[PDB]
Number of protein chains: 2
Amino acid sequence: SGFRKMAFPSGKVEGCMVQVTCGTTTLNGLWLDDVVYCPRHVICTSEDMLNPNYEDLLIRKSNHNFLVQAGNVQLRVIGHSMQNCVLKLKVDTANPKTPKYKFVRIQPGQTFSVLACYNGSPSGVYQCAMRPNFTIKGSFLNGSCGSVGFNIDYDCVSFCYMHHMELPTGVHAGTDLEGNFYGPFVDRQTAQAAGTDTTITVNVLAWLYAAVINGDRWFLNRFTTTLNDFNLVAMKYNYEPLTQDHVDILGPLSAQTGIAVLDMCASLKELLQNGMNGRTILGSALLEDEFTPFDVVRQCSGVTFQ
Amino acid sequence: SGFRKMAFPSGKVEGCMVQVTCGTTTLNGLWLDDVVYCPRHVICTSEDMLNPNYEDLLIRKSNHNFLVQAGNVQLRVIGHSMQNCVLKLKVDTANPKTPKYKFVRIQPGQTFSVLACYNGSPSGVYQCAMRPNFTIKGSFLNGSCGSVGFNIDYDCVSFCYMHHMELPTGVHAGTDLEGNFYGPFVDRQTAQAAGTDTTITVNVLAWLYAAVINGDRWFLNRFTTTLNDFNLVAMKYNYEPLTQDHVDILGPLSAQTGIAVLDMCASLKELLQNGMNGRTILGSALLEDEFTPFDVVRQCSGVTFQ
Ligand SMILES: *[C@@H](O)c1cccc2[nH]ccc12
Ligand SMILES: *[C@@H](O)c1cccc2[nH]ccc12
């Protein structure tokens, strides 16, 4: 028992992190096979950081302008190209630590692990969710550009996020590993901002089920509600609508706890309308929305990876 | 910016995890050089699990009774011995992935990373603190015995915890890597229970400083307090006393924020006496006590490891 924000073991990703330097900009790159992936903003100078034409900036570069270091061993760049907002550097050495991997793009509401890095050296690992507004509430300092987010399934690493920048509210924006931004953000200097967010309803319900599995029951009740009536309440409190597919996805947790999904919706309705009245759920005084139904099932049931 | 529960990168520990089977009990072991460390309870059967004499149980064992598997490769046990509550199995192969390491014992109030494992395969990583009552609020299912907790300093892994058992409130107890239990717990079947806990005051103050660094200031005030007057309030709310050494340890964070330590104590006094009145600090509606001053400085300033 217990319930923690749990990241995937990071070893398979640690062996891919390298340092990329170009001019006076140093950031992180991801070394898979004989390609290093990094944010294209590495080719930018401070004056360039206003409205850059990256195609012009890149044609002016030579392979030898890119200094790539894997630990204390230098990698020879032998080609370079741009894909959307990422750069692809061919090096003369395939990474012998390349795991089996995929490049996947995730949905708002999904979670992933982040390996924060600086100067190509991993610093820490933590769990994040992609917000409905396509930002993530990360923990990043300068030099963390190019740190990646990922999930692991058996032995295969699905990379889903590369970090690019911090927005004015302190939240973070980046791309998938094809270089396409999550949300309406750009890698140039603008007044861009997060814009309005919502709470991930199906994840809150999953977490209430985690709580019942772990012995917190004070918020349960005899009442039930209809899906339409719950969704009218979700809308008032800025929760996102609950669909029949969400209900279906919650079936296994409902069957394990014996609590009908619509019954747990009635409990959530009461919690939004009454607050918590000084009590806690799984050590939190707030309704937590950064655990998916899958996250709850891995942690309360117990699957590993190799 | 941002502030997350952040674990150390787990790769160096993943390469040490193995599976140990004896009879019908399977759990995790830690393989360093040519020794595998695991809980001595592995030699116990269900009837033995009432008041076992482990010295008798162990003399009845042969090396060949211990099946040790590193991935899908079997390790030959060539010796065995008991140290306090851990078992030490000599194998015929030194682990080529052995990091530089130390066995350290930590203090209540300190934090560490936990690599949860099952069948010798790492499952997830998360951050924990050692509670004042010598338990930890972990996330563990059956088969997680022998999972370890650790910190990393530059390239050196300081192992501080091996997991043994779950107590009736759902919290967890284990040993240091010398096999000495944290707190008044034993590896036999009793009615043992956690017993009363307190809140780690210096860690709460560190986290308030993290919040100010990250832009949360609503809880600040002009007031100050004396150390004795704060400690009278800490005692009412079951917080642990604040010492002059705690004040000294908070000096760097105080100097960075310009907020005197005793001023931040006056803020904490107000928060205990008034609650939070519907607001949050670093995304929490509770006063968080599982970040040390060191944790705040690594994350709000930014050190890595190799
Ligand atoms: C580094 O990830 C990056 C990418 C885009 C824009 C930007 N500005 C400062 C760093 C940075
Ligand atoms: C496995 O860590 C362990 C250690 C002591 C007592 C005990 N009971 C069930 C598992 C276990």
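Residues numbered from 1 in each chain as written, not as in the entry; some residues may be left out. Chains lettered and ligands numbered in written order. Heavy atoms only, no water. Residues with missing side-chain atoms left out of burial classes, pairs and counts.

**Section: the overall build of chain A**
- Counting secondary structure elements, chain A contains eight helices and 13 strands.
- Along the three orthogonal principal directions, the C-alpha set of chain A runs to about 70 × 45 × 30 Å.
- Here the contacts in chain A between residues at least 6 apart in sequence split such that 64% fall between residues at least 24 apart. (Helix = DSSP H or I, 4+ residues; strand = E, 2+ residues; numbered from the N terminus. Contact = heavy atoms within 4.5 Å.)

**Considering the domain arrangement of chain A**
Residues and elements named next belong to chain A.
- What the domain assignment lists for chain A is domain 1 (1-14 + 100-197), domain 2 (15-99) and domain 3 (198-301).
- Contacts between domain 1 and domain 3 engage 19 residues on the former and 20 residues on the latter.
- Of the roughly 1600 Å² buried at the junction of domain 1 and domain 3 (both faces included), carbon and sulfur atoms supply 50%.
- Run the count over domain 1 and domain 3 and you get three salt bridges.
- The partner of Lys5 in a salt bridge is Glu288, and the shortest N-O contact between them spans 3.1 Å. (Domains from an automatic or database assignment. Buried area = accessible area lost by both parts, 1.4 Å probe. Salt bridge = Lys/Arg side-chain N within 4 Å of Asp/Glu carboxyl O.)

**Details of helix α8 (residues 293-301) of chain A**
- Within α8 of chain A, the full set of buried residues consists of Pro293, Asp295, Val296, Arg298, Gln299 and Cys300 of chain A.
- Residues of α8 of chain A that are buried in the fold lie against β9 (111-118), β10 (121-129), α3 (201-213), α5 (244-249) and α6 (251-257) of chain A together with β10 (121-129) of chain B.
- Following α8 of chain A by one or two positions, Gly302 of chain A has its phi on the positive side, about 115°. (Buried < 20%, exposed > 50% of the residue type's maximum accessible area, 1.4 Å probe, protein only.)

**Examining the site of ligand 1**
Residue and element names in this part refer to chain A.
- Every residue lining ligand 1 is accounted for by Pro39, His41, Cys145, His163, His164 and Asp187.
- Take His41: an N or O atom from its side chain is 3.1 Å from a nitrogen atom of ligand 1.
- Take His163: an N or O atom from its main chain is 3.4 Å from an oxygen atom of ligand 1. (Near = heavy atom within 4 Å. Polar contact = N/O pair within 3.5 Å; in protein donor to acceptor, adjacent residues only side chain to side chain.)

**Quick notes on the relation of the copies chain B and chain A**
- Once chain B is rotated about the relating axis by 180° and shifted along it by 0.0 Å, it coincides with chain A to within an RMSD of 0.0 Å. Here the copies are linked by what is in effect a two-fold axis. Of the C-alpha atoms belonging to chain B, the one lying closest to the rotation axis is found on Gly11 of chain B, 1.8 Å away.
- When the interface residues of chain B are mapped onto chain A, 100% of them again lie at the interface, so the same face is used by both copies. (Least-squares fit on C-alpha atoms.)

**Observations regarding the sheet that holds strand β7 (residues 86-91) of chain B**
All names here are of chain B.
- As summarised here, the arrangement of the seven strands in space is β5-β4-β1-β2-β3-β7-β6, forming an open sheet in which the pairing is antiparallel. Among the strands making up the open sheet, the edge pair consists of β5 (73-75) and β6 (77-83). Averaged over neighbouring strand pairs, the angle between their axes works out to 30° when direction is ignored. (Pairing = 2+ DSSP bridges. Axes fitted to C-alpha atoms, helices over the stretch in contact; angles between N-to-C directions.)

**Points about the sheet that holds strand β2 (residues 25-32) of chain A**
Residues and elements named next belong to chain A.
- Read from one edge to the other, the open sheet built from seven strands follows the order β5-β4-β1-β2-β3-β7-β6, with strand pairing classed as antiparallel. Of all strands in the sheet, those with a lone pairing partner are β5 (73-75) and β6 (77-83), marking the two edges. Between one strand axis and the next, the sheet turns by 30° as a mean value, whatever way the strands run.
- Pairing analysis gives five bridges linking strand β3 (residues 35-39) to strand β7 (residues 86-91), with the strands arranged antiparallel. Residue pairing in the sheet places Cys38 in a bridge with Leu87 of β7.

**Topic: the nonpolar core**
- Counting residues in hydrophobic clusters, the biggest one holds 42 residues, and the most contacted among them are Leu30 and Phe159 of chain A together with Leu30 and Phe159 of chain B.
- What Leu30 of chain B contacts, discounting residues up to four positions off in sequence, is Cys16, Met17, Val35, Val36, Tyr37, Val148, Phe159, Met162 and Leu177 of chain B. (Core = buried A, V, L, I, M, F, W, Y, C linked by side-chain atoms within 4.5 Å.)

**Focus on the interface of chain B and chain A**
- Across the boundary between the two partners, chain B contributes 46 residues, which contact 46 residues of chain A.
- Both faces considered, chain B and chain A share a buried interface measuring about 3300 Å² in area, 50% of it formed by carbon and sulfur atoms.
- Per-residue buried area on chain B facing chain A is highest for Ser1, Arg4 and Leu141 of chain B; these three make up 21% of the total on that side.
- Seen at the junction of chain B and chain A, the total is two salt bridges.
- Linking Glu290 of chain A and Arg4 of chain B is a salt bridge whose minimum nitrogen-to-oxygen distance equals 2.9 Å.
- Connecting chain B to chain A are 27 residue pairs in polar contact.

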